[PDB]
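The structure appears below as structure tokens.
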Ligand SMILES: OC[C@H]1O[C@@H](O[C@H]2[C@H](O)[C@@H](O)[C@H](O[C@H]3[C@H](O)[C@@H](O)[C@H](O[C@H]4[C@H](O)[C@@H](O)[C@H](O[C@H]5[C@H](O)[C@@H](O)[C@H](O[C@H]6[C@H](O)[C@@H](O)[C@H](O)O[C@@H]6CO)O[C@@H]5CO[C@H]5OC[C@@H](O)[C@H](O)[C@H]5O)O[C@@H]4CO[C@H]4OC[C@@H](O)[C@H](O)[C@H]4O)O[C@@H]3CO[C@H]3OC[C@@H](O)[C@H](O)[C@H]3O)O[C@@H]2CO)[C@H](O)[C@@H](O)[C@@H]1O
Ligand SMILES: [Ca+2]
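In mature numbering (1 follows the signal peptide of the UniProt record, and there is no 0), the protein residues as written are 7 to 17, 28 to 462.
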């Protein structure tokens, strides 16, 4: 006859799976228990006239994921009914990333991506992060227009006026708050790779990276800029290319300016001070059956930096002495590459042009008359693509140790020989015809 009552609950906020104690009166004869409008099992033995002990089910459907559910525990006795409000906590929100079209202008739509976006109370931008208490920084930029999707995984919102340039985006939920970095212009661009360190004038330079968005400047070694209209950028914003209109007269790096900022290439671009043979005053050819060409725009490698070496013709099968160039190199000064640098930390680079792929013919590269240490059976391949490119120039790169057996660069220098040699042969079973050009042999750091 007495009406059941609930005075309080001991452990109003509660996690699924945890034990609770319902304290009140006239509860001795509870028949049924419910939480969030869902039937919950309980044990009769933990029931007294003044207390119910049960555990909030782990798999209980929460009010966070279904707004139709009343956030209360309901008790039914033999005759009466009692209810008390309590909040079973949803999992904490997290933010993976922001999906946006940069730059973000006020009023533009962006999408916050993450999970457990239950019970979103507020969304704001801030120059600094909220406290671990969820305590919210002094100055913030409230985002008034936002919508959460049905999966509680995405918040689509519109950008406020007077946008923060840099800082954080915060999703404020009942359980806690989630934070991620926010930049209205997006992340700084990045450079992964460059097609070459010494591309031939008139040929294509290609740059790999990310966030090449609205590229406004490409600066070469702080000497000159590429006219923006002559810069092609890929749809996916991860590749830049352009024709090199002139040779730099000083080494440096390539700087790329995009919406997200400016970034420099890591490699040194046009390391003229690292060149050892270019057939244009650095080093010199001495003897050998080969050719030397200045490209004329209509044939051969079409373009060239001054004179370049040519090894062309048809090679009989099993020809172990065909065409070659024996030259005197001008090794890199120690002012640039210190004597104590290991050979293992150095690489030989050169520009190569292959008219057409071939099968059988190979190249030998030798230095300082140490043919024991020479590079043998080498087929030119691009350091950029890994393939044997044809009909255009490519950068070829090999570890210097594959040509030099010495330990440090000074040991190499102590041989006091300026010999560099390129030898073409055909150990192949079938004859073949080739047309290959070489220029700008250079030694640089790995
Ligand atoms: O894979 C295993 C298979 O191997 C097969 O056997 C082959 C070997 O593998 C292969 O190594 C070998 O190569 C030999 C080749 O057979 C010889 O023909 C060749 O001859 C040249 C010689 O090496 C040079 O010394 C020489 O240099 C002269 C140059 O001729 C001259 O024109 C030049 O004149 C300059 C002058 O210097 C300037 O001052 C002036 O101002 O201008 C003029 C030019 O206008 O001077 C050069 C001087 O050289 C000096 O520096 C180097 C020193 O060694 C010299 O002593 C110095 O004097 O030119 C030779 C060219 O020979 C030509 O005339 C004679 C003919 O016999 C020849 O056919 C003509 O071509 O030498 C090669 C040696 O190779 C060396 O370099 C390449 C490396 O690969 C090798 O390790 C290293 O030893 O040939 C064999 C077979 O052919 C097997 O057959 C197979 O079965 C195996 O499976
Ligand atoms: Ca040259």
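Quick reminder that beta carbons are idealized off the backbone N, C-alpha and C, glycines included.
Cβ neighbours of residue 31 within its own chain (closer than 8 angstroms, five residues either side excluded): 72, 104, 105. Per DSSP, the beta bridge partners of residue 199 are 182. Counting only the Cα atoms, residue 62 lies some 19 angstroms from residue 100.
With distances taken between CA atoms, residue 60 lies nearest to 93 out of 93, 82, 77. Just measuring C-alpha positions, the residue of 396, 210, 378, 108 sitting nearest residue 130 is 108. Comparing alpha-carbon positions, the option among 423, 34, 38, 201 lying closest to residue 180 turns out to be 201. Beta bridge pairing from DSSP links residue 441 with 378. Of the heavy atoms belonging to ligand 2, none sits nearer than 7 angstroms to the Cβ of residue 329. Note on geometry: alpha-carbon atoms of residue 166 and residue 57 lie some 30 angstroms from one another. Taking residue 133 as reference, the option from 147, 427, 153, 111 with the minimal CA-CA separation is 111. Judged by DSSP in its simplified three-state form, residue 245 adopts helix. Taking the Cα positions, residue 277 is about 11 angstroms away from residue 230. Remark: C-beta atoms of residue 38 and residue 68 approach each other more closely than 8 angstroms. Taking 3 residues as the minimum length, the beta strand (DSSP E) runs contained wholly in the stretch 199-277 are 206-210, 220-226, 233-236, 255-259, 270-274, in order along the chain. Apart from sequence neighbours up to five positions away, the residues of its chain that approach residue 308 with a beta-carbon distance below 8 angstroms are 295, 301, 323, 324, 325, 326, ordered along the chain.
Bounds of any beta strand (DSSP E) do not take in residue 318, whose DSSP letter is neither H nor E. Inter-residue distance for residue 382 and residue 408 is about 25 angstroms (C-alpha atoms, whole angstroms). Going by beta carbons, residue 319 and residue 221 fall outside the 8 angstroms limit. Inter-residue distance for residue 159 and residue 136 is about 12 angstroms (C-alpha atoms, whole angstroms). Its Cα nearest to that of residue 254, the residue 210 stands out among 81, 210, 460. Within the stretch 277-364, the runs of beta strand (DSSP E) at least 3 residues long that lie entirely inside it are, in chain order, 277-280, 291-293, 300-303, 307-309, 324-331, 335-344. Distance from the CA atom of residue 142 to the CA atom of residue 161, rounded to whole angstroms, is 17 angstroms. By the rule of a C-beta closer than 5 angstroms to any heavy atom of ligand 1, the residues picked out are 303, 336, 337, 387. Cβ contact annotation for residue 374 (same chain, cutoff 6 angstroms, sequence separation greater than five): 448, 450, in chain order.
For a cut-off of 8 angstroms, the C-beta gap from residue 352 to residue 290 is around 7 angstroms, short enough to register as a contact. With the rule of 3 Cβ pairs closer than 8 angstroms, the stretch 267-277 does not count as touching the stretch 183-196.
In this structure, ligand 2 has no non-hydrogen atom nearer than 7 angstroms to the beta-carbon of residue 360. Linking residue 280 to residue 244 through their CA atoms gives a straight-line distance of about 17 angstroms. At a Cβ-Cβ threshold of 8 angstroms, residue 79 and residue 85 count as neighbours. Counting C-beta atoms within 10 angstroms of its own C-beta, residue 341 has 16 or more neighbours from the protein chains shown and is therefore classed as buried. The shortest C-alpha to C-alpha distance from residue 406 to any of 125, 251, 376, 452 is the one to 452. Residue 146 and residue 263 have their C-alpha atoms roughly 52 angstroms apart.
Within the same chain, Cβ atoms closer than 6 angstroms to the Cβ of residue 371 are found at 451, the five residues on either side in sequence being excluded. Judged by DSSP secondary structure, residue 85 falls outside any beta strand (DSSP E); it is assigned neither H nor E. Taken atom to atom, the span from the alpha-carbon of residue 314 to that of residue 297 is near 25 angstroms. Residue pairing from DSSP places residue 29 in a beta bridge opposite 103.
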